[PDB]
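Trainee: pasting an experimental structure with its sequence.
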Amino acid sequence: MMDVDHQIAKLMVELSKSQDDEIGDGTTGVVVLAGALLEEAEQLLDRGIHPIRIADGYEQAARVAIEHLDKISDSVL
Amino acid sequence: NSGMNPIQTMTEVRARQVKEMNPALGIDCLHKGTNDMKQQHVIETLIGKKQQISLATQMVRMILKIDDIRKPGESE
Amino acid sequence: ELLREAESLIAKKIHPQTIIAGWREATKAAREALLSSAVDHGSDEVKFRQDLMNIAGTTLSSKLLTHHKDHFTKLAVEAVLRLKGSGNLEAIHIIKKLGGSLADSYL
Amino acid sequence: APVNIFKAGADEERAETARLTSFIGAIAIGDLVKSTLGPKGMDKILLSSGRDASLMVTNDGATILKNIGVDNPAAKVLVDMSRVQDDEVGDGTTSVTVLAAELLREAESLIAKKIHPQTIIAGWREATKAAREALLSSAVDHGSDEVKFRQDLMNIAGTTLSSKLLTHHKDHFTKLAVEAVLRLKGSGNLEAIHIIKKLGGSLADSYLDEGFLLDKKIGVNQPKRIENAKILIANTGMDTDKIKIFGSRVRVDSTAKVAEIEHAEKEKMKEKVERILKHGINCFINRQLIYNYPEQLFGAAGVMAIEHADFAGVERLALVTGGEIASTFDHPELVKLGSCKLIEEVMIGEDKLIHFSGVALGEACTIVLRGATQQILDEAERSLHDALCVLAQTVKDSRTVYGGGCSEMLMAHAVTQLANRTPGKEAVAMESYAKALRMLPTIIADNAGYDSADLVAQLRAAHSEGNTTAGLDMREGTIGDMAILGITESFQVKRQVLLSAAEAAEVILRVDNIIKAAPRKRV
Amino acid sequence: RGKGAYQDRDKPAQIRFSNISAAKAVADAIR
Amino acid sequence: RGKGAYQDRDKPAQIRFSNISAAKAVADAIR
Amino acid sequence: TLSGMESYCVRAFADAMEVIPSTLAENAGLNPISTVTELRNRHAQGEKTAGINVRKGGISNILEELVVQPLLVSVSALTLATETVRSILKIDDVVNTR
Ligand SMILES: Nc1ncnc2c1ncn2[C@@H]1O[C@H](COP(=O)(O)OP(=O)(O)O)[C@@H](O)[C@H]1O
Ligand SMILES: Nc1ncnc2c1ncn2[C@@H]1O[C@H](COP(=O)(O)OP(=O)(O)O)[C@@H](O)[C@H]1O
Ligand SMILES: [Mg+2]
Ligand SMILES: [Mg+2]
């Protein structure tokens, strides 16, 4: 329900919509996390690191976060 | 948002997950006594947090792999 | 007046979620004050009709019908008393006609 | 007057928007400089729209209000109130602005209580009289035993500079402010302490000069340093005199007589310099400009010549050397000369300044402020000016009170003790006067980030049973004794905060009609 | 004693005179 | 216990990020 | 060796000192990720006169390349910049003067 005419921030709108369409609980936390990954990449951008090299480093880092999250998980419904 | 300090609270919870095996250790607003999320019954879905890390990484990859903006000026 | 007192808690540096959690316990205690002080009326219907005129006398006192409580209270109590059932609030058709004073109105 | 309005372009309001615009415009002034009060308050940066904006950061409340240009009519009373506070005592301009705004904020709470506004004026006059006796009975005097008075003066400068940009420089700037007024040894003229701002270096590199610094360096072919010299200053014309006869021409018959007149003009200019060197001097300071013909005469005799220092530059040299102005040279036995040791030139920030090292009877100082930017030097000059003006009046009035919230709780206790001995018509207005006095330690406590709801409650419980020296400790965030920590302020500074805010809140509360006229060239 | 003081600093004391002066113009128009 | 809570609902937390972002543009201009 | 909130700011002070070798390595066409990392490895061993060699295109001895900087240049660049940034976090309120 915003009038943001910015094509980068429009992708944050579709990110919160895609979390609502698939799961529907973490639409707020998926925007703070995406803004946190881009804020930490700002200091890495000034050090001469390539932006695709940061993007290739995030895929190898997010793969560890998926496998570690599946350690303790149980329900008896 | 709970009124605490971000350094004084995140350093204590993260240090307790290394000295022992990593528990369900988070925070809360009224804090409910201890910081154990298993005792406070703060339960979230696995596929909810799995898609939070997966979708935010792919959206960052599409806004890091861009080096040109071709927007127009005025409307007419 | 709740938000005017909440504006006074701006300069006191009170967290706004503390005011929400403080008012939820305050509203829960305020429900018990009205529930324990409520006066019921079952049988002995000669005191319930006197109680109904006190309800219409309090509502019409804050309106334009100030010095008409000797007439408009009987026009409001006996209108619902002639329903003898559900409060449909459409069988009481109010017809407004010019001419005459408010004391000339009748049921 | 709104109904059937008989005005051209002027508007007005009576008792509905009159007190509404007066309470909005005065609280927003006090809430503006609310964040600059206390030893942990932040500062403001003032900027214009353009056309030589000349940004000037200030923490003092008088310099903020004198440059904003408020359009509200009732807000200009609080702007003019802080201007007098800077001109009289030089401190408490921020404290008198928040206190005058908290009185009208408590008076806005008496709008819905249907209290008559003349009852609040009569209730605050009795509250101000009870608050004068609280500061007068708690004032600490200092007569003899001067080793305790010099320690008391460092607590005054340490309290004033703690609320400014000089936070972690109290080990140096307190000695630069106490010893500057201590070298005056007389009246607080507040102009013998010439502050020179030079870029380059940190604030710790600043110092108090033992002598005196000047500009307009010594001639062309004149000596730069003379040991054990006799300084004679002047305020007379050297060349192109045109001496005091308007309507006098040189009407001659031939051009050979013009060469005799212009040689006679240079002989009288030479004879004037010959009357100066009969005193036996080595340095010469003229307020006016010195041209080339007397400059060659001082250079041939080995005499310095400082030309066109300042109009107030010869006044500071007369107080630092012990001489006189001496604008007429016809009696060498009635002209007192100055005294010095070294007139060497020093270089501060790639600029050669004339250093009058080793002067006798030096009742003048020179503070060499060095900062990182020009914005720091403009702030440190006003921060030192807010510290030297209090010490110039502390030596005239040695009465001091315990600051840091301790003086405000003593004033609020005397009002609350007499609010219970009054009938209920004026007792509600006296309780609002005591609540506004407790807001001044509440703004200081909340600016640091402490629990202001509990620290002022601990101050009110302490002052209710003894503890006349208990105040707010901003170092650790607790309640401590103000006589031990050494946080004191002057009596005349704290009296002018109480008295001027009570008089300014009396004017705005008595306004029931704001009739503004039609402005010019505003369409 | 004065037995109280009721300060009334509000709007409608002036609007009440506006309804009076407007109704006087109607009665003087058809006078 | 939490031992207090300091609610800071005021302006200059956002203006402090404006002075940082303006000074970063000057350092990247003459980098 | 410090603790509390002071230990997180000296690390922020030390990480801001690595910008000038990151600036010098990026302007020289070298990789600034591995240049500043190799410079911290040489100074940890004891090489106090190590730096960026723009002639060889790497890390070598500075005094061999005759690159001499005075002490007053680098001390006043650290003293005046720290005193400036200690005031910008203290001076923060936008007041537009009319
Ligand atoms: N009792 C609690 N204690 C601690 N944290 C909680 C508690 N309840 C909720 N939270 C946190 O609040 C967050 C709320 O996220 P939310 O905004 O609902 O995400 P989304 O926008 O995707 O629905 C969750 O990530 C959760 O970790
Ligand atoms: N060391 C300290 N301990 C406690 N309070 C202090 C200390 N230093 C200054 N203060 C308080 O900070 C306030 C600063 O007021 P200030 O803005 O200087 O007023 P003004 O603008 O009129 O000079 C003073 O009222 C004083 O009580
Ligand atoms: Mg009603
Ligand atoms: Mg002060």
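Mentor: Done, it's in. Numbers count the residues shown, from 1 in each chain, chains lettered A, B, ... in the order given. Ligands and ions are numbered 1, 2, ... in the order given.

Trainee: quick check: closest non-adjacent residue to the residue in chain E positioned nearest to ligand 2.
Mentor: Nearest to ligand 2 in chain E, going by Cβ to the nearest ligand atom, is residue E:9, at a distance of 32.2 Å. The way it works is simple: take the backbone N, C-alpha and C, and place the C-beta from them, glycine included. The shortest distance from residue E:9 to any non-neighbouring residue, by Cβ to Cβ, 6 or more residues apart in numbering or on different chains, is to residue D:15 (5.1 Å).

Trainee: check the gap between that neighbour and chain C for me.
Mentor: Distance, residue D:15 to chain C, using Cβ to the nearest Cβ, to the nearest Å: 21 Å.

Trainee: tell me how many other residues crowd that residue.
Mentor: Residues near residue D:15, counting by other Cβ atoms under 10 Å in any protein chain shown, number 17.

Trainee: which residues touch it?
Mentor: D:512, D:513, E:9, E:10 (Cβ atoms under 8 Å, 6 or more residues apart in numbering or on different chains).

Trainee: the residue of chain E closest to ligand 2 contacts residue D:18, doesn't it?
Mentor: No: Residue E:9 lies out of contact with residue D:18 (Cβ atoms under 8 Å); the separation is 9.3 Å.

Trainee: what is in contact with these two at once?
Mentor: residue D:512.

Trainee: what about those two, which has more around it?
Mentor: Under the criterion of other Cβ under 10 Å, the comparison of residue E:9 against residue D:18 puts residue D:18 first, with 19 against 16.

Trainee: can you pull out the strands in chain G?
Mentor: With DSSP state E, the ranges of strands along chain G come out as G:50-53, G:58-61, G:91-96.

Trainee: quick one: closest of those to chain D.
Mentor: strand G:91-96 (3.8 Å; Cβ to the nearest Cβ).

Trainee: now for the longest helix belonging to chain G, which elements pack on it?
Mentor: Across chain G, the longest stretch assigned as helix under DSSP state H is helix G:71-88. In terms of contacts (3 or more Cβ pairs under 8 Å, 6 or more residues apart in numbering or on different chains; DSSP states H and E), helix G:71-88 is packed against helix D:374-394.

Trainee: and the angle for the helix it packs on with strand G:91-96?
Mentor: 100 degrees (axes from the mean of the first three to the mean of the last three Cα atoms, to 10 degrees).

Trainee: now helix D:374-394: how far from the chain's centre is it?
Mentor: In terms of Cα atoms, centre = their mean, to the nearest Å, the centre of helix D:374-394 is found 6 Å from the chain centre.

Trainee: in that helix, what's buried?
Mentor: D:375-394 (16 or more other Cβ atoms under 10 Å in any protein chain shown).

Trainee: which element is residue E:26 on?
Mentor: helix E:15-29 (DSSP states H and E).

Trainee: quick one, phi psi at the most centrally placed residue in chain A?
Mentor: Closest residue to the average C-alpha location of chain A: residue A:34 at 3.7 Å, with Cα atoms, centre = their mean. Per-residue torsions, residue A:34: phi -70, psi -30 (degrees, to the nearest 10).

Trainee: quick one: neighbours of the closest residue in space to residue G:10 that isn't next to it in sequence, just the number.
Mentor: Excluding the flanking residues, the one nearest residue G:10 by Cβ to Cβ, 6+ apart is residue G:2, at 6.4 Å. Using other Cβ under 10 Å, residue G:2 has 10 other residues around it.

Trainee: so residue G:2 versus residue G:9, what's the distance?
Mentor: The gap separating residue G:2 from residue G:9 is 9 Å, by Cβ to Cβ, to the nearest Å.

Trainee: could you measure the closest residue to chain G within chain C against residue D:299, distance?
Mentor: Chain G sits closest to residue C:11 of chain C, with a gap of 17.5 Å, by Cβ to the nearest Cβ. Going from residue C:11 to residue D:299 by Cβ to Cβ gives 70 Å.

Trainee: residue furthest from the geometric center of chain C?
Mentor: Quick read of chain C (Cα atoms, centre = their mean): farthest out is residue C:13, 37.6 Å.

Trainee: export the host helix or strand of residue B:58 as CSV, just CAs?
Mentor: Using DSSP H and E, residue B:58 maps to helix B:46-64. The C-alpha coordinates for helix B:46-64 follow below in CSV (Å, rounded to 0.1, in the frame of the first residue of the first chain):
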residue,chain,number,x,y,z
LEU,B,46,11.1,-24.6,9.7
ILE,B,47,10.0,-23.8,6.1
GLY,B,48,9.0,-20.3,7.2
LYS,B,49,12.6,-19.4,8.2
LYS,B,50,14.0,-21.6,5.4
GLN,B,51,12.3,-19.3,2.8
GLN,B,52,13.3,-16.2,4.7
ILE,B,53,17.0,-16.9,4.1
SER,B,54,16.4,-18.3,0.6
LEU,B,55,14.3,-15.5,-0.8
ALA,B,56,16.4,-12.7,0.7
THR,B,57,19.6,-14.1,-0.7
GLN,B,58,18.1,-14.3,-4.3
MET,B,59,16.7,-10.8,-4.1
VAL,B,60,20.1,-9.5,-3.0
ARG,B,61,21.7,-11.3,-5.9
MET,B,62,19.4,-9.5,-8.4
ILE,B,63,20.1,-6.1,-6.8
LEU,B,64,23.9,-6.7,-6.6
